[PDB]
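Peer 1: Supplied in structure tokens, the structure appears directly below.
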Amino acid sequence: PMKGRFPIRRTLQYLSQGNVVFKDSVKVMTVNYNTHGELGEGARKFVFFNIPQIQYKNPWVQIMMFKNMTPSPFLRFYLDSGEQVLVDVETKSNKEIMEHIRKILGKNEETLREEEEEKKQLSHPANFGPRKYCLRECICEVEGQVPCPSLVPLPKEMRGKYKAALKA
Amino acid sequence: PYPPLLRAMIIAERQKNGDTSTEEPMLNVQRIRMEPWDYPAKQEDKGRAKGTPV
Amino acid sequence: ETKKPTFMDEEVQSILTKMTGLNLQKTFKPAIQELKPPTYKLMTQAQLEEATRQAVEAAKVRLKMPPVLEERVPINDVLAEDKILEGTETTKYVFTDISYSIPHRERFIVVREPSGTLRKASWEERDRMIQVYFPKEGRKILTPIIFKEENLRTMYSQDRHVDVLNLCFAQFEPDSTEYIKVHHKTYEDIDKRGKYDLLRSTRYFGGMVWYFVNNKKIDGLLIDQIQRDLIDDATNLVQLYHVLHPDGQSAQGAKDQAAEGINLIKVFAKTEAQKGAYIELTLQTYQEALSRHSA
Amino acid sequence: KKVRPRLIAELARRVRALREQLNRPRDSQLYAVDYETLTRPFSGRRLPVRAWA
Amino acid sequence: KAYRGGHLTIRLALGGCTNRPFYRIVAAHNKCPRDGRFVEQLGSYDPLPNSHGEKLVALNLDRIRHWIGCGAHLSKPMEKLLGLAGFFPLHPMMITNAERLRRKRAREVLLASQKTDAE
Amino acid sequence: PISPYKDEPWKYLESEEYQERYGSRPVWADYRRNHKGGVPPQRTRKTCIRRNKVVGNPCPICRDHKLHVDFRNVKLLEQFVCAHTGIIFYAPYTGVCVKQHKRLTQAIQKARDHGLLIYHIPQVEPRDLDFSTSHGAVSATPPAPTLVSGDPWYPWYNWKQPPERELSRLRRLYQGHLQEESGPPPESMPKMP
Amino acid sequence: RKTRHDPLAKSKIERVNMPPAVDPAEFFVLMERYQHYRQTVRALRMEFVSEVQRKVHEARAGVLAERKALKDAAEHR
Amino acid sequence: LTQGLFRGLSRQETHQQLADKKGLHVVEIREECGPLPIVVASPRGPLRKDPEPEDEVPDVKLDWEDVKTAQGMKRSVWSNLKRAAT
RNA sequence: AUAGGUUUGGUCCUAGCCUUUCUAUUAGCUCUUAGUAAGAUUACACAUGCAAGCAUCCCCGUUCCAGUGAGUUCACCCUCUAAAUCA
Ligand code: FES
Ligand SMILES: [K+]
Ligand SMILES: [K+]
Ligand SMILES: [K+]
Ligand SMILES: [Mg+2]
Ligand SMILES: [Zn+2]
């Protein structure tokens, strides 16, 4: 079987289920957490389960983790403007921490839908070209138009070989 | 006047936006000053032949 | 003053919605398509009732009735006539505006004829070109042969009316002549052979009722509803008939007699209903059976 | 990533640009014409037929 | 490929197979190959009459306007297609070519008439 | 051979001979391809009948000359389609040669187009959100002044005979390289009687 | 195609291209059409350039764009 | 192989055996039938009233071969080859 | 991979090799027609012909296209800002 405990974390399906997409202001995220203590259980679960999901959705944001530096766990975000958002995560569960940062620093569902709609316009159905980019390669595929010569030979009158023969 | 199609597309936007008007759209060609083809060009921007002699 | 209700009126929608019915087994019949291993969930009775409710909500979206539209008027508008181009080209040029973010009914599609006339494309050409460049799933550029009279009679012989309606909805536009023609010919076959249950629990029932009421031939549908113990739907059908024909003998009869419930059927049966005798006999049989069960 | 310098490419470039300034042809050489063949002896190119007259 | 100078142009890129031409309207750099790299596809032009006797032309008018507004030039065949569509005025050479054909056909009717009349 | 069912192919599938040979199983139930190895070639033989000569191991369709692949023989065509998913089996599945599989695939599509063979027709959504036909694109555009009067859209479409003075300049500039002057063009395109 | 360095063909050494014969009537009428045609197209081109510039400006510092920017800042605060 | 096959098929738990053990309805969700909830088995005994605890992350052992295929990472020229009806 | 053959007197395990599938070149033998697609082994040497002109002289172009794969993280993103197009 897949190595490690909770191998589900190392699957593309699990990594794409993160709902936290930081705004463009967020640049760095420092996770200070303690390895022992009941009050830091959520922070430990958040580092175990959710940091992979956050990084997957925010590839250009630097996430750095520090162990046992302070008596309590906390998150700190460094924004491009220079503002620092301190989020205390003591006593909170990993689900609560994830929902909290979505509210204060995550893009809403409307902002995301808009970005996806802009991508839809990049592929134009009417454009013809290679299958990697377009639906159809040639107009000959459209029914009613003159088929491709490779499939249906053209009439002798429409072929250049005999066009110049009838004339001369 | 605008060409046939462009005219029809400008009149349709008017009606769609709600503006009710019967004025004809027309292109202002007064700004475009068509100079003759033999008008002296700018010699300062013209190049020069290279040295390769025959 | 007094406008007769349209098909999309909330009142008509509620009446036609209830008349259609909601059979979850028919709405979500297993489709003959590529299959995948089913999934399983351990659910309580409370959770089971919640999923069933969500299926009712999803089923009601699947049953949303298409709007009934009037036949579109042919387009015959000439943008220009450049007589100088006459005789230069032997074939006409069809120019389609493929700007992505434009409603398809707001696109400029024009045709340059060999004579030099720049005219707007006809409704048929417009639909053909939109498919060429914005292909829709289930639509064909060339009219499928299924819609011929001979081919549509085979589909009816097999009781495949709902399939003929889905094929029409995908190929033709709601206001096209071919669209209205097929639905009108399908509704007629259902009436002649009394196959009203085929379209029940589908989004096509409302359109069928609307066609019958506006053509004064709700006799067969009323008989079927009574024979199937659907008085509530039958009374609503007669009620709706009165609203769309207020200046009618049956409408005035109910007004004069203040008929309600089953009385509305009797008043309409004698005055306007063509098969007044058969309706009375059918309604009679039901009322007798109902009296027995009450005991 | 450290590109290896090409010194001869820059040396010749400066020499060429210089020689184009010291050996540049004069208008007397460039725009001379043989009135019998109607060709510029500098390049040996024929003038357009519409300019011969 | 950074070219020396050049400009954007809306022109016809030939596709299809032998004896089956098909043109794609594309905005491409002046110096790029005919069927090579392009900036954006702006439509298509099927020059062969289809079953319905039509030559189909697609024109992304919203994007054609955008590129003409950014300094894109136009090839003669592309200018003649926009003239037939009514987006631009009829290119003068279509008017003159039409007039030349009228004169040729008018001259052809004389010899034909003379033959039938004289002989 | 000459089968008597060519005109009414559906009759063979209801005859006694068919029931004795096949019974209730599909015509291809017993066929087995002869090939080397455990994995068969990914294509079946091209054709079982070459120049009116049948090969050693004819495919299910070619081994029985009374089985006619026709869009009307709906019972035969159904045997070559998946009852649970509706997909046409690829040739290696049943062993039919490429020639007969191509005829079968076309007949199954023709039967489906004629309504003889039932297939899943999905419920599709409407193309347009709004059904209004009031936009100018589909409505009537107000005619332009030139169109109402019958004049050309731009005045320079029509031929205007140039002044005689201007014709003299061109005759001086292009001395010795001049064509016959052309008058106004015909008003309409002539035609060969 | 040939490069500047490639030598000229021997057969083309004596080739002289002769200009076509000019028709006075057709020549003048055609010259005016080009003058009008290019004037109309130049006006159209100018109109398209203005639209492109306006759309860019509207997206950069449009009232709706600035309003959204202010709303985003307020929401953050 | 034979002894292993008969060992697994003999020990497979039926839907009814699952419902009775769990005291909950077994609801089958079929993609071809939309969201229709098909109850395949119900507990013959009393039906529990508490919903089964939904663990956020399942601590289940995944087969790398399964995960690798779902991610389109498994290229094999021998898989999904056309074969005779079995 | 739905796998198969092969170690031994024989069994089980491990393991390599090979078989069956699908393509591309080359060889043998053989070969009827039509349409279409593709097409030196070699950055080895090349006979001959042609491949860039245009145009009232100035300019502009020949810096493109076409070719090859010798060399090889110059190709992508950002910042900044020449030349070029928008008369
Ligand atoms: S690829 Fe379209 S004609 Fe051949
Ligand atoms: K082995
Ligand atoms: K060979
Ligand atoms: K190389
Ligand atoms: Mg500059
Ligand atoms: Zn066969």
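Starting from 1 in every chain, residues are counted up; chains themselves are A, B, ... following the order of the structure tokens, and ligands are numbered from 1 as listed.
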I want to know what sits within 6 Å of region 69-83 of chain C, based on only C-alpha atoms (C1' of nucleotides), with residues of the same chain fewer than 6 positions away left out; could you give that as a list in words?

Peer 2: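 These residues fall inside the cut-off: residues 116, 117, 118, 119, 120, 122, 175 and 176 of chain C; 140 of chain F.
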
Peer 1: Keeping N, CA and C atoms for every residue in the selection just given, could you write it to a file as a short mmCIF file (atom, residue, chain, number, x, y, z; two decimals), in the first residue's frame?

Peer 2:
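result_34.cif, written as the output of this step:
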```
data_model
loop_
_atom_site.label_atom_id
_atom_site.label_comp_id
_atom_site.auth_asym_id
_atom_site.auth_seq_id
_atom_site.Cartn_x
_atom_site.Cartn_y
_atom_site.Cartn_z
N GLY C 116 -25.74 41.26 -55.89
CA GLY C 116 -25.14 42.37 -55.19
C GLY C 116 -25.91 42.83 -53.97
N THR C 117 -27.03 42.20 -53.65
CA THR C 117 -27.86 42.61 -52.53
C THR C 117 -27.28 42.07 -51.23
N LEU C 118 -27.01 42.97 -50.29
CA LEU C 118 -26.59 42.59 -48.94
C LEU C 118 -27.83 42.52 -48.06
N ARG C 119 -28.29 41.30 -47.79
CA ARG C 119 -29.51 41.07 -47.03
C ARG C 119 -29.19 40.31 -45.75
N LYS C 120 -30.05 40.49 -44.75
CA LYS C 120 -29.91 39.73 -43.51
C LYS C 120 -30.28 38.27 -43.75
N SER C 122 -31.85 34.64 -43.43
CA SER C 122 -33.15 34.14 -43.02
C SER C 122 -33.03 33.37 -41.71
N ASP C 175 -39.39 28.74 -31.43
CA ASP C 175 -40.30 29.55 -32.24
C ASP C 175 -40.21 29.22 -33.73
N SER C 176 -39.49 28.17 -34.10
CA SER C 176 -39.37 27.80 -35.50
C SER C 176 -40.62 27.07 -35.98
N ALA F 140 -36.03 44.56 -38.60
CA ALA F 140 -35.83 45.31 -39.83
C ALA F 140 -35.02 46.57 -39.53
#
```

Peer 1: With a distance cut-off of 9 Å and only C-alpha atoms (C1' of nucleotides), select the neighbouring residues of region 2-9 of chain F, excluding the residue or stretch itself and same-chain residues fewer than 6 positions from it, and output the selection as JSON, numbers by chain.

Peer 2: {"F": [65, 66, 67, 68, 69, 70, 72, 73]}

Peer 1: Only C-alpha atoms, please: the residues just picked out, written as a PDB file, in the first residue's frame.

Peer 2:
```
ATOM      1  CA  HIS F  65     -25.375 -16.356 -46.031  1.00  0.00           C
ATOM      2  CA  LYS F  66     -28.994 -15.885 -44.895  1.00  0.00           C
ATOM      3  CA  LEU F  67     -28.071 -13.229 -42.303  1.00  0.00           C
ATOM      4  CA  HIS F  68     -28.539  -9.931 -44.152  1.00  0.00           C
ATOM      5  CA  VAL F  69     -27.163  -6.806 -42.459  1.00  0.00           C
ATOM      6  CA  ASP F  70     -29.997  -4.370 -43.222  1.00  0.00           C
ATOM      7  CA  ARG F  72     -34.685  -3.115 -41.278  1.00  0.00           C
ATOM      8  CA  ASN F  73     -33.349  -6.332 -39.683  1.00  0.00           C
TER       9      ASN F  73
END
```

Peer 1: Please return as a PyMOL selection string the residues found within 9 Å of ligand 1, counting only C-alpha atoms (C1' of nucleotides) and all ligand atoms.

Peer 2: (chain A and resi 137-141+146-151) or (chain E and resi 15-22) or (chain I and resi 36)

Peer 1: For C-alpha atoms (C1' of nucleotides), I'd like the residues from the last selection saved as a PDB file, in the first residue's frame.

Peer 2:
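Once everything was written out, this is part.pdb:
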```
ATOM      1  CA  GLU A 137      -9.016  21.172 -37.479  1.00  0.00           C
ATOM      2  CA  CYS A 138     -10.592  22.004 -40.848  1.00  0.00           C
ATOM      3  CA  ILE A 139     -13.891  23.224 -42.247  1.00  0.00           C
ATOM      4  CA  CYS A 140     -14.165  19.952 -44.187  1.00  0.00           C
ATOM      5  CA  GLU A 141     -15.245  18.297 -40.926  1.00  0.00           C
ATOM      6  CA  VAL A 146     -16.895  19.897 -49.295  1.00  0.00           C
ATOM      7  CA  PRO A 147     -15.378  16.830 -47.560  1.00  0.00           C
ATOM      8  CA  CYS A 148     -11.653  16.234 -47.361  1.00  0.00           C
ATOM      9  CA  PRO A 149     -10.138  14.823 -50.581  1.00  0.00           C
ATOM     10  CA  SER A 150      -8.481  12.051 -48.558  1.00  0.00           C
ATOM     11  CA  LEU A 151     -11.900  10.611 -47.648  1.00  0.00           C
TER      12      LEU A 151
ATOM     13  CA  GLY E  15      -5.114  25.384 -44.958  1.00  0.00           C
ATOM     14  CA  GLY E  16      -6.902  22.319 -46.281  1.00  0.00           C
ATOM     15  CA  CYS E  17      -5.595  19.707 -48.701  1.00  0.00           C
ATOM     16  CA  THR E  18      -4.733  19.554 -52.392  1.00  0.00           C
ATOM     17  CA  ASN E  19      -7.577  21.063 -54.454  1.00  0.00           C
ATOM     18  CA  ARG E  20      -9.458  21.767 -51.185  1.00  0.00           C
ATOM     19  CA  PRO E  21      -8.377  25.236 -50.038  1.00  0.00           C
ATOM     20  CA  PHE E  22      -9.420  26.652 -46.680  1.00  0.00           C
TER      21      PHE E  22
ATOM     22  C1'   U I  36      -4.877  11.817 -50.146  1.00  0.00           C
TER      23        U I  36
END
```

Peer 1: Any idea what's packed within 8 Å of residue 62 (chain A), counting only C-alpha atoms (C1' of nucleotides), ignoring anything in its chain fewer than 5 positions away? Could you give it as number ranges by chain?

Peer 2: A: 27-29

Peer 1: Hey, which residues sit close to ligand 5? Say within 9 Å, counting only C-alpha atoms (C1' of nucleotides) and all ligand atoms, and write them as a PyMOL selection string.

Peer 2: chain I and resi 82-84

Peer 1: Would you save the residues of that selection, restricted to N, CA, C and O atoms (P, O5', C5', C4', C3', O3' and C1' of nucleotides), as a PDB file, in the first residue's frame?

Peer 2:
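Listed below is the output, again_17.pdb:
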```pdb
ATOM      1  P     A I  82      12.286  54.604 -23.933  1.00  0.00           P
ATOM      2  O5'   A I  82      13.324  53.885 -24.903  1.00  0.00           O
ATOM      3  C5'   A I  82      13.138  53.905 -26.309  1.00  0.00           C
ATOM      4  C4'   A I  82      14.315  53.295 -27.026  1.00  0.00           C
ATOM      5  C3'   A I  82      14.150  53.097 -28.524  1.00  0.00           C
ATOM      6  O3'   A I  82      14.386  54.281 -29.265  1.00  0.00           O
ATOM      7  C1'   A I  82      15.020  51.125 -27.562  1.00  0.00           C
ATOM      8  P     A I  83      13.253  54.856 -30.248  1.00  0.00           P
ATOM      9  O5'   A I  83      13.254  53.834 -31.468  1.00  0.00           O
ATOM     10  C5'   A I  83      14.419  53.641 -32.255  1.00  0.00           C
ATOM     11  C4'   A I  83      14.352  52.355 -33.036  1.00  0.00           C
ATOM     12  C3'   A I  83      13.110  52.159 -33.891  1.00  0.00           C
ATOM     13  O3'   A I  83      13.180  52.834 -35.135  1.00  0.00           O
ATOM     14  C1'   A I  83      13.509  50.203 -32.637  1.00  0.00           C
ATOM     15  P     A I  84      11.881  53.566 -35.729  1.00  0.00           P
ATOM     16  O5'   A I  84      10.881  52.370 -36.049  1.00  0.00           O
ATOM     17  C5'   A I  84      11.230  51.357 -36.979  1.00  0.00           C
ATOM     18  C4'   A I  84      10.215  50.245 -36.989  1.00  0.00           C
ATOM     19  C3'   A I  84       8.764  50.670 -37.139  1.00  0.00           C
ATOM     20  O3'   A I  84       8.400  50.923 -38.485  1.00  0.00           O
ATOM     21  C1'   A I  84       8.948  49.121 -35.368  1.00  0.00           C
TER      22        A I  84
END
```

Peer 1: Residues within 8 Å of ligand 2 (only C-alpha atoms (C1' of nucleotides) and all ligand atoms), as a PyMOL selection string?

Peer 2: chain I and resi 6+15-16

Peer 1: Define the interface residues of chain C facing chain A as those within 10 Å, counting only C-alpha atoms, and report them as a PDB file with C-alpha atoms, in the first residue's frame.

Peer 2:
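To be explicit, this is the file written out as part_10.pdb:
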```pdb
ATOM      1  CA  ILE C  98     -18.444  35.047 -34.396  1.00  0.00           C
ATOM      2  CA  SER C  99     -17.829  37.510 -31.549  1.00  0.00           C
ATOM      3  CA  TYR C 100     -17.941  35.227 -28.531  1.00  0.00           C
ATOM      4  CA  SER C 101     -19.920  37.251 -25.970  1.00  0.00           C
ATOM      5  CA  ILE C 130     -24.852  29.300 -35.421  1.00  0.00           C
ATOM      6  CA  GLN C 131     -24.474  25.511 -35.373  1.00  0.00           C
ATOM      7  CA  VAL C 132     -21.533  25.623 -37.791  1.00  0.00           C
ATOM      8  CA  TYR C 133     -19.531  27.928 -35.509  1.00  0.00           C
ATOM      9  CA  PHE C 134     -21.107  27.399 -32.054  1.00  0.00           C
ATOM     10  CA  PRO C 135     -21.942  23.683 -32.254  1.00  0.00           C
ATOM     11  CA  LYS C 140     -27.402  18.730 -36.551  1.00  0.00           C
ATOM     12  CA  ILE C 141     -26.702  21.149 -39.388  1.00  0.00           C
ATOM     13  CA  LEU C 142     -28.749  19.092 -41.859  1.00  0.00           C
TER      14      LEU C 142
END
```

Peer 1: Counting only C-alpha atoms and all ligand atoms, give me one row per residue of chain F with an atom at most 8 Å from an atom of ligand 6, showing the shortest contact pair and its distance in Å to one decimal, sorted by chain then residue number, as JSON lines.

Peer 2:
```
{"residue": "F:45", "atom": "CA", "partner": "ligand 6", "partner_atom_place_in_ligand_line": "1 (Zn)", "distance": 7.8}
{"residue": "F:46", "atom": "CA", "partner": "ligand 6", "partner_atom_place_in_ligand_line": "1 (Zn)", "distance": 7.9}
{"residue": "F:47", "atom": "CA", "partner": "ligand 6", "partner_atom_place_in_ligand_line": "1 (Zn)", "distance": 5.3}
{"residue": "F:48", "atom": "CA", "partner": "ligand 6", "partner_atom_place_in_ligand_line": "1 (Zn)", "distance": 4.2}
{"residue": "F:49", "atom": "CA", "partner": "ligand 6", "partner_atom_place_in_ligand_line": "1 (Zn)", "distance": 6.8}
{"residue": "F:58", "atom": "CA", "partner": "ligand 6", "partner_atom_place_in_ligand_line": "1 (Zn)", "distance": 5.9}
{"residue": "F:59", "atom": "CA", "partner": "ligand 6", "partner_atom_place_in_ligand_line": "1 (Zn)", "distance": 4.6}
{"residue": "F:60", "atom": "CA", "partner": "ligand 6", "partner_atom_place_in_ligand_line": "1 (Zn)", "distance": 6.9}
{"residue": "F:61", "atom": "CA", "partner": "ligand 6", "partner_atom_place_in_ligand_line": "1 (Zn)", "distance": 5.7}
{"residue": "F:62", "atom": "CA", "partner": "ligand 6", "partner_atom_place_in_ligand_line": "1 (Zn)", "distance": 4.3}
{"residue": "F:63", "atom": "CA", "partner": "ligand 6", "partner_atom_place_in_ligand_line": "1 (Zn)", "distance": 7.3}
{"residue": "F:96", "atom": "CA", "partner": "ligand 6", "partner_atom_place_in_ligand_line": "1 (Zn)", "distance": 5.4}
{"residue": "F:97", "atom": "CA", "partner": "ligand 6", "partner_atom_place_in_ligand_line": "1 (Zn)", "distance": 4.3}
{"residue": "F:98", "atom": "CA", "partner": "ligand 6", "partner_atom_place_in_ligand_line": "1 (Zn)", "distance": 7.3}
{"residue": "F:99", "atom": "CA", "partner": "ligand 6", "partner_atom_place_in_ligand_line": "1 (Zn)", "distance": 6.5}
{"residue": "F:100", "atom": "CA", "partner": "ligand 6", "partner_atom_place_in_ligand_line": "1 (Zn)", "distance": 5.4}
```

Peer 1: Give me a file of those residues, with N, CA, C and O atoms, as a PDB file, in the first residue's frame.

Peer 2:
```pdb
ATOM      1  N   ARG F  45      -9.837  -9.657 -39.293  1.00  0.00           N
ATOM      2  CA  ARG F  45      -9.499  -9.758 -40.704  1.00  0.00           C
ATOM      3  C   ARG F  45     -10.317  -8.759 -41.513  1.00  0.00           C
ATOM      4  O   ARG F  45     -11.434  -8.391 -41.144  1.00  0.00           O
ATOM      5  N   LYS F  46      -9.741  -8.310 -42.628  1.00  0.00           N
ATOM      6  CA  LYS F  46     -10.378  -7.263 -43.419  1.00  0.00           C
ATOM      7  C   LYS F  46     -11.706  -7.744 -43.993  1.00  0.00           C
ATOM      8  O   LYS F  46     -12.738  -7.084 -43.837  1.00  0.00           O
ATOM      9  N   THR F  47     -11.697  -8.892 -44.667  1.00  0.00           N
ATOM     10  CA  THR F  47     -12.905  -9.438 -45.264  1.00  0.00           C
ATOM     11  C   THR F  47     -12.806 -10.955 -45.286  1.00  0.00           C
ATOM     12  O   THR F  47     -11.724 -11.512 -45.485  1.00  0.00           O
ATOM     13  N   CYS F  48     -13.944 -11.617 -45.079  1.00  0.00           N
ATOM     14  CA  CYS F  48     -13.996 -13.072 -45.083  1.00  0.00           C
ATOM     15  C   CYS F  48     -14.261 -13.654 -46.463  1.00  0.00           C
ATOM     16  O   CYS F  48     -14.048 -14.853 -46.665  1.00  0.00           O
ATOM     17  N   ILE F  49     -14.721 -12.841 -47.411  1.00  0.00           N
ATOM     18  CA  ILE F  49     -15.072 -13.298 -48.750  1.00  0.00           C
ATOM     19  C   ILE F  49     -14.244 -12.489 -49.738  1.00  0.00           C
ATOM     20  O   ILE F  49     -14.445 -11.277 -49.880  1.00  0.00           O
ATOM     21  N   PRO F  58     -14.981 -18.485 -41.400  1.00  0.00           N
ATOM     22  CA  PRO F  58     -15.769 -17.275 -41.662  1.00  0.00           C
ATOM     23  C   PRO F  58     -16.376 -16.712 -40.386  1.00  0.00           C
ATOM     24  O   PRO F  58     -16.737 -17.450 -39.468  1.00  0.00           O
ATOM     25  N   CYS F  59     -16.483 -15.386 -40.342  1.00  0.00           N
ATOM     26  CA  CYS F  59     -16.996 -14.689 -39.176  1.00  0.00           C
ATOM     27  C   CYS F  59     -18.483 -14.978 -39.000  1.00  0.00           C
ATOM     28  O   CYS F  59     -19.124 -15.558 -39.877  1.00  0.00           O
ATOM     29  N   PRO F  60     -19.062 -14.583 -37.861  1.00  0.00           N
ATOM     30  CA  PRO F  60     -20.483 -14.887 -37.618  1.00  0.00           C
ATOM     31  C   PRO F  60     -21.417 -14.419 -38.721  1.00  0.00           C
ATOM     32  O   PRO F  60     -22.395 -15.111 -39.028  1.00  0.00           O
ATOM     33  N   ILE F  61     -21.149 -13.262 -39.323  1.00  0.00           N
ATOM     34  CA  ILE F  61     -22.032 -12.751 -40.365  1.00  0.00           C
ATOM     35  C   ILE F  61     -21.756 -13.443 -41.693  1.00  0.00           C
ATOM     36  O   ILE F  61     -22.686 -13.787 -42.430  1.00  0.00           O
ATOM     37  N   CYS F  62     -20.484 -13.661 -42.019  1.00  0.00           N
ATOM     38  CA  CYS F  62     -20.125 -14.214 -43.318  1.00  0.00           C
ATOM     39  C   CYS F  62     -20.276 -15.728 -43.380  1.00  0.00           C
ATOM     40  O   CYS F  62     -20.323 -16.284 -44.482  1.00  0.00           O
ATOM     41  N   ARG F  63     -20.357 -16.409 -42.234  1.00  0.00           N
ATOM     42  CA  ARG F  63     -20.518 -17.858 -42.241  1.00  0.00           C
ATOM     43  C   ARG F  63     -21.947 -18.285 -42.541  1.00  0.00           C
ATOM     44  O   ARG F  63     -22.159 -19.418 -42.988  1.00  0.00           O
ATOM     45  N   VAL F  96     -16.533 -10.229 -35.951  1.00  0.00           N
ATOM     46  CA  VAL F  96     -16.908  -9.861 -37.310  1.00  0.00           C
ATOM     47  C   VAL F  96     -15.743  -9.159 -37.989  1.00  0.00           C
ATOM     48  O   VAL F  96     -15.033  -8.350 -37.379  1.00  0.00           O
ATOM     49  N   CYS F  97     -15.537  -9.471 -39.264  1.00  0.00           N
ATOM     50  CA  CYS F  97     -14.479  -8.834 -40.028  1.00  0.00           C
ATOM     51  C   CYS F  97     -14.752  -7.336 -40.160  1.00  0.00           C
ATOM     52  O   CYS F  97     -15.854  -6.846 -39.909  1.00  0.00           O
ATOM     53  N   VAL F  98     -13.711  -6.603 -40.562  1.00  0.00           N
ATOM     54  CA  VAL F  98     -13.819  -5.150 -40.663  1.00  0.00           C
ATOM     55  C   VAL F  98     -14.900  -4.764 -41.663  1.00  0.00           C
ATOM     56  O   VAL F  98     -15.625  -3.781 -41.467  1.00  0.00           O
ATOM     57  N   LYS F  99     -15.024  -5.524 -42.752  1.00  0.00           N
ATOM     58  CA  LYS F  99     -16.026  -5.209 -43.764  1.00  0.00           C
ATOM     59  C   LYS F  99     -17.434  -5.296 -43.187  1.00  0.00           C
ATOM     60  O   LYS F  99     -18.250  -4.385 -43.369  1.00  0.00           O
ATOM     61  N   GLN F 100     -17.737  -6.387 -42.481  1.00  0.00           N
ATOM     62  CA  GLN F 100     -19.081  -6.564 -41.942  1.00  0.00           C
ATOM     63  C   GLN F 100     -19.339  -5.641 -40.760  1.00  0.00           C
ATOM     64  O   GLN F 100     -20.474  -5.194 -40.562  1.00  0.00           O
TER      65      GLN F 100
END
```

Peer 1: Quick check: residues of chain E within 8 Å of chain G, only C-alpha atoms, returned as a PyMOL selection string.

Peer 2: chain E and resi 65-66+68-70+88-89+91-92+96

Peer 1: Using only C-alpha atoms (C1' of nucleotides), which residues sit within 8 Å of region 10-25 of chain H once same-chain residues fewer than 4 positions away are excluded, as a list in words?

Peer 2: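 Once the nearby chain positions are removed, what remains is residues 42, 43, 44, 45 and 48 of chain C; 6, 39, 40, 41, 42, 43, 44, 45, 46, 47 and 48 of chain H.
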
Peer 1: Would you list which chain F residues are within 8 Å of chain B using only C-alpha atoms, as a list in words?

Peer 2: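 So the residues of chain F near chain B are residues 135, 136, 137, 141, 153 and 154 of chain F.
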
Peer 1: Taking into account only C-alpha atoms, which residue in the set F:30, F:64, F:14, F:128 is nearest to chain H?

Peer 2: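 With only C-alpha atoms as the atom set, the closest residue is F:30.
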
Peer 1: Write out as a PDB file with C-alpha atoms, in the first residue's frame every residue belonging to chain B that has an atom at most 8 Å from any atom of chain I, counting only C-alpha atoms (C1' of nucleotides).

Peer 2:
```pdb
ATOM      1  CA  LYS B  46      15.243  59.139 -45.790  1.00  0.00           C
ATOM      2  CA  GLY B  47      18.159  56.723 -45.957  1.00  0.00           C
ATOM      3  CA  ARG B  48      21.260  56.683 -48.118  1.00  0.00           C
TER       4      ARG B  48
END
```

Peer 1: Hey, which residues sit close to ligand 4? Say within 9 Å, counting only C-alpha atoms (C1' of nucleotides) and all ligand atoms, and write them as a VMD selection string.

Peer 2: chain I and resid 69 to 72

Peer 1: Kindly provide, as an MDAnalysis selection string, the residues of chain F having any atom no farther than 6 Å from an atom of chain I, counting only C-alpha atoms (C1' of nucleotides).

Peer 2: chainID F and resid 37:39

Peer 1: Restricting it to N, CA and C atoms, dump the selection as a PDB file, in the first residue's frame.

Peer 2:
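Produced file again_8.pdb, reproduced below:
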```pdb
ATOM      1  N   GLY F  37      -0.764 -16.627 -29.607  1.00  0.00           N
ATOM      2  CA  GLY F  37      -0.648 -15.875 -28.378  1.00  0.00           C
ATOM      3  C   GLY F  37      -1.962 -15.776 -27.629  1.00  0.00           C
ATOM      4  N   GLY F  38      -1.884 -15.155 -26.456  1.00  0.00           N
ATOM      5  CA  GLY F  38      -3.053 -14.977 -25.620  1.00  0.00           C
ATOM      6  C   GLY F  38      -3.807 -13.702 -25.930  1.00  0.00           C
ATOM      7  N   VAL F  39      -3.091 -12.677 -26.376  1.00  0.00           N
ATOM      8  CA  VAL F  39      -3.693 -11.402 -26.750  1.00  0.00           C
ATOM      9  C   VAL F  39      -3.947 -11.431 -28.254  1.00  0.00           C
TER      10      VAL F  39
END
```

Peer 1: Skipping near chain neighbours, those fewer than 6 positions away, what residues fall within 9 Å of residue 25 (chain D) using only C-alpha atoms (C1' of nucleotides), listed as a list in words?

Peer 2: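 Counting only the stated atoms, we get residues 49, 50, 51, 52 and 53 of chain B.
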